[PDB]
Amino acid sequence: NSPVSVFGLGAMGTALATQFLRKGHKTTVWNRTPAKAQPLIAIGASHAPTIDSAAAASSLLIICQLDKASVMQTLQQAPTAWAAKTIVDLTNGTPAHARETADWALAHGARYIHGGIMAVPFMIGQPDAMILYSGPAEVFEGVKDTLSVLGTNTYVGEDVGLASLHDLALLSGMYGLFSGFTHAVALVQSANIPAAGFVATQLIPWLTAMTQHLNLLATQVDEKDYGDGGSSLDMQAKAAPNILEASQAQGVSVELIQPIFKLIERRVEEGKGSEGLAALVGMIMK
């Protein structure tokens, strides 16, 4: 159980450090605001008094702060502390941010991989958690068994920005799901329908079926052949006004769902109403 250091003790960094502790690792912790270390000290963490101390304590240095600007602030406070260490940066950012941080790390003698945590904090250490990783394969292979205590490791390749592209794509997908949740639950709550009961009984099973449907849509995207699948855009463009008008009648804003209806309408206006929803991917691409 190799020593690990965690920089960033917010909700997620706390979950990561806690899981290292459960798995028997000497877990050194650092946070910009030191009071946040107290809960972790109480369950066995070693609270580093400085950035340099936290870096010195371990060879595997996990950074889970806020954004890339925050990561660079921490790295630059102790520029010589990182040499011959492996930085695993789990802080949300763009592909470009990962490449920028990697360039800095390599120039300061450190090894670097970037990862994207596909979990909320309570999922860490649980079977459904997964973390995407990218950067030099030999670097990842040196730390993958320690990192595996957090979740399933999904190494996507050598390009250090690639895990971030996968991450942000998955988050995009989730934000659409949550847009749908918000709209659906506002509509039922407008009629005093139990939200949890509706969501467990009706919404989740429907979304499960329509999630499986995404396989067919994705095949159509790859084929660039946008079959209706039995559900043409012409037909959907005549249902969309009903969803909008019913929402207006219930006092529910349509802001979260209007964009896809405008895209569907545009495809109908282009003369392609006989196609299905897989057509919409290319419509938002360059």
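Sequential numbering from 1, following the sequence displayed.
- Once the C-alpha B-factors are averaged per stretch, 173-181 and 157-165 rank with 157-165 first.
- When the C-alpha B-factors of 89-97 and 133-141 are averaged, 133-141 comes out higher.
- Per the deposited record, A105 carries the highest C-alpha B-factor of all listed residues (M210, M118, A105, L203).
- Highest CA B-factor among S232, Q65, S59, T28, as stated in the entry: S59.
- Split the chain's modelled residues into thirds by C-alpha temperature factor. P39 is in the lowest one.
- Among all modelled residues in its chain, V6 ranks in the lowest third by Cα B-factor.
- The entry lists a Cα temperature factor for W82 that places it in the highest third of the chain's modelled residues.
- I124 sits in the lowest third of its chain by CA B factor, as recorded in the PDB entry.
- In the PDB entry, a CA B factor belonging to the highest third of its chain's modelled residues is recorded for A110.
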